[PDB]
(Lines of atoms letter the chains of each structure in order from A and count residues from 1; the text may use other names and numbers.)
(Lines give C-alpha, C1' and ligand atoms only; values in the text may rest on other atoms or scores of the structure.)
Protein backbone atom coordinates (compact mmCIF):
# COMPACT_ATOMS: atom_id res chain seq x y z
CA UNK A 1 0.00 0.00 0.00
CA UNK A 2 1.02 3.59 -0.70
CA UNK A 3 2.90 5.47 2.02
CA UNK A 4 0.72 8.60 2.00
CA UNK A 5 2.93 11.64 2.48
CA UNK A 6 2.15 14.11 -0.28
CA UNK A 7 0.17 17.36 -0.01
CA UNK A 8 -2.80 15.94 -1.98
CA UNK A 9 -2.63 12.45 -0.55
CA UNK A 10 -2.65 13.67 3.06
CA UNK A 11 -5.14 16.50 2.47
CA UNK A 12 -7.65 14.14 0.79
CA UNK A 13 -7.10 11.61 3.57
CA UNK A 14 -7.72 14.21 6.23
CA UNK A 15 -10.96 15.41 4.63
CA UNK A 16 -12.15 11.91 3.86
CA UNK A 17 -11.43 10.16 7.18
CA UNK A 18 -10.98 13.09 9.63
CA UNK A 19 -7.59 11.84 10.83
CA UNK A 20 -4.02 11.47 9.51
CA UNK A 21 -2.89 8.33 7.72
CA UNK A 22 -1.26 5.63 9.86
CA UNK A 23 2.31 6.55 8.91
CA UNK A 24 2.14 9.68 11.12
CA UNK A 25 3.43 9.76 14.68
CA UNK A 26 3.68 12.74 17.02
CA UNK A 27 7.01 14.17 18.17
CA UNK A 28 6.43 12.71 21.65
CA UNK A 29 5.47 9.31 20.24
CA UNK A 30 8.64 9.38 18.08
CA UNK A 31 10.78 10.34 21.08
CA UNK A 32 9.33 7.38 23.06
CA UNK A 33 10.62 5.06 20.29
CA UNK A 34 14.13 6.56 20.49
CA UNK A 35 13.92 9.46 18.03
CA UNK A 36 16.63 12.06 18.67
CA UNK A 37 16.00 14.89 16.22
CA UNK A 38 19.60 16.11 16.02
CA UNK A 39 20.72 12.56 15.08
CA UNK A 40 18.29 12.40 12.15
CA UNK A 41 17.36 8.81 13.06
CA UNK A 42 13.57 8.78 12.73
CA UNK A 43 13.56 6.14 9.95
CA UNK A 44 15.82 3.94 12.11
CA UNK A 45 13.49 3.95 15.18
CA UNK A 46 10.19 4.20 13.30
CA UNK A 47 10.60 2.92 9.75
CA UNK A 48 8.17 4.41 7.24
CA UNK A 49 6.87 7.05 9.68
CA UNK A 50 6.78 10.83 9.44
CA UNK A 51 6.29 13.37 12.20
CA UNK A 52 2.69 14.65 12.28
CA UNK A 53 -0.39 15.45 14.29
CA UNK A 54 0.96 17.92 16.84
CA UNK A 55 -0.86 21.14 17.78
CA UNK A 56 0.10 24.01 15.48
CA UNK A 57 -0.04 27.31 17.36
CA UNK A 58 -0.12 29.60 14.28
CA UNK A 59 2.31 31.91 16.03
CA UNK A 60 2.58 34.49 13.23
CA UNK A 61 -1.24 34.47 12.85
CA UNK A 62 -1.02 33.70 9.11
CA UNK A 63 -3.77 31.09 9.15
CA UNK A 64 -7.30 32.27 9.81
CA UNK A 65 -8.58 31.92 13.35
CA UNK A 66 -12.15 31.39 14.56
CA UNK A 67 -13.87 30.65 17.89
CA UNK A 68 -13.50 26.90 18.46
CA UNK A 69 -10.83 26.41 15.83
CA UNK A 70 -7.47 24.88 16.57
CA UNK A 71 -4.81 23.76 14.11
CA UNK A 72 -2.40 20.83 13.79
CA UNK A 73 0.50 20.16 11.44
CA UNK A 74 2.28 17.21 9.78
CA UNK A 75 5.45 16.76 7.70
CA UNK A 76 5.08 16.27 3.93
CA UNK A 77 7.48 14.69 1.44
CA UNK A 78 9.51 13.11 4.25
CA UNK A 79 10.94 9.63 4.00
CA UNK A 80 14.20 9.43 6.05
CA UNK A 81 17.03 11.44 7.62
CA UNK A 82 16.74 15.04 8.79
CA UNK A 83 13.40 16.85 8.41
CA UNK A 84 12.59 19.03 5.42
CA UNK A 85 10.77 22.40 5.08
CA UNK A 86 7.37 21.11 3.91
CA UNK A 87 4.31 20.92 6.12
CA UNK A 88 0.53 20.50 5.87
CA UNK A 89 -1.61 22.53 8.31
CA UNK A 90 -5.13 21.40 9.15
CA UNK A 91 -7.84 22.77 11.39
CA UNK A 92 -10.44 21.23 13.69
CA UNK A 93 -13.03 22.23 11.06
CA UNK A 94 -10.97 20.62 8.26
CA UNK A 95 -9.55 23.65 6.47
CA UNK A 96 -6.20 22.63 4.93
CA UNK A 97 -3.18 24.80 4.12
CA UNK A 98 0.41 24.01 3.15
CA UNK A 99 3.83 25.61 3.43
CA UNK A 100 6.93 24.63 1.45
CA UNK A 101 9.12 27.44 2.86
CA UNK A 102 9.23 26.58 6.54
CA UNK A 103 6.20 28.60 7.55
CA UNK A 104 7.10 31.82 5.79
CA UNK A 105 4.11 31.58 3.42
CA UNK A 106 0.99 29.40 3.37
CA UNK A 107 -1.26 28.30 0.48
CA UNK A 108 -4.89 27.20 1.09
CA UNK A 109 -5.42 23.80 -0.54
CA UNK A 110 -8.83 22.79 0.83
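Residue numbers count along the first chain shown, from 1.
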| query | finding |
| --- | --- |
| Mean Cα B-factor comparison, 69-77 or 27-35, giving the higher one as deposited | 27-35 |
| 38-46 set against 79-87, stretch whose average Cα temperature factor tops the other in the entry | 38-46 |
| Out of 107, 104, 2, 6, residue topping the C-alpha B-factor column of the entry | 2 |
| Where the record places residue 15 (Cα B-factor, split into thirds across the chain) | highest |
